[PDB]
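Just one chain is shown here, as structure tokens, and it is the form deposited in one PDB entry.
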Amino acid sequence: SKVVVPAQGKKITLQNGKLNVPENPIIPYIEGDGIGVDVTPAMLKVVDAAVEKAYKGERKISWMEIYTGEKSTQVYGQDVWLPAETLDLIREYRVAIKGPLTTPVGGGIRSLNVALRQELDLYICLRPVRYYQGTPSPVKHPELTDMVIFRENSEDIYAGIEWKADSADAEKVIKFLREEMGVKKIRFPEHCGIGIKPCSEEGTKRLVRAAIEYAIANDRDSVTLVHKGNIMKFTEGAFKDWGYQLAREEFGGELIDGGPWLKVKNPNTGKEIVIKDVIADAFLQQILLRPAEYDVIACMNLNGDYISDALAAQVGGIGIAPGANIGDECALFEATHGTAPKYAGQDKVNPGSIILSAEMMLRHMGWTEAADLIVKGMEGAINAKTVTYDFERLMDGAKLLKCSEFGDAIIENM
């Protein structure tokens, strides 16, 4: 009802597991709450400039705004935070992008971001994290970090299955656990909240399957299964066993030494990709202490949230970290930072995250020239130290830029 389909423009289709993108594709975008009003306009202009420059006017995106979050309630009504129409629009047009989203508190509503992921079955959360020269960073050698996180996106405790302490359901579940499953380890059964943590074999293998294909298509050096399997043997640990098993079953994994690592040969470059694993709490230490040893990461939903968010901070990219939610049929790219309501509307915020997510989106569309230009623009703008206040306040000799002006700087550095 209130979305306007672009007069000129054409739908992306999926054929044979491969996107068919027209030169005039319609892309759905969600402005986002808070500073989404600042960064989305910059992102539109930066992407159009990259597309115009890479294909000399032969291609062009027909943006189409759709809604989620506050703007959805002001467009559709009182408690329409995520209209069915927005899900249908993303499935019809295959590829979309959105700014920051916040979920209201006090109405029993659970994460809108996670709702999008789970209802579009975008089981890959893809966070590439690598250091942009010139970025102010808390660690000494941020340039050693160059990883790609494959975070499982629908199952784990992150999935939102839980009962409230003292509710009839929680006490029903606890009664079933103690009396029918014989559980004795619930220290205090009264006034106790309960959460469920599921992890299946198919969900594990389609997430690791994507990670290893990614290592192959991008010739990277390894895939590390991160887990907390010595405590949670049947979810985290199973994730790690199924991941190794997939590597053997579908990518000819061979045993290194006495194990447990494997090596997968890259069919296209001959490079032996190492498959290995690290327990999650030690991994949070290793990304600081021995960052160059890691590359592609495969892990479950909650660990992936932590790991992405720790890596982004340690390269000083907490505000420019790109992110994508990808499934077999649809894809939703997103700004990964908060809504920062304090500065919303002041044209202050750093648009780098949603712009790099747009870079991912173009590359997912097969428009790699335009995507390369955006990386190149971020490269030069940040290396030139012409940046927004969240960068500039941490450093000397930088030129302070509004949000919109940083978008221009990126275009100027393409």
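Don't overthink the numbering: it's just position in the shown sequence, from 1.
- The mean Cα B-factor in the deposited entry runs higher for 69-77 than for the other of 134-142 and 69-77.
- Stretch comparison (250-258 versus 282-290) by mean CA B-factor in the PDB entry places 250-258 on top.
- In this entry, the residue among 223, 311, 168, 302 with the greatest C-alpha B factor is 168.
- Annotation for residue 328: CA B-factor lies in the middle third of the chain's modelled residues.
- Per the PDB record, residue ranking by Cα B-factor puts residue 337 in the middle third of the chain.
- Ranked against the other modelled residues of its chain, the C-alpha B-factor of residue 346 as given in the entry falls in the highest third.
- The PDB entry assigns residue 188 a C-alpha temperature factor belonging to the middle third of its chain's modelled residues.
- When all modelled residues of the chain are sorted by CA temperature factor, residue 361 is found within the lowest third.
Not on display, but discussed next: the form deposited in another entry.
- Whereas the displayed form keeps them at a certain spacing, the CA atoms of residue 157 and residue 69 lie at least 3 angstroms farther apart in that other deposited form.
- Look at residue 54 and residue 268: in that other deposited form their Cα atoms come 3 Å or more closer than in this form.
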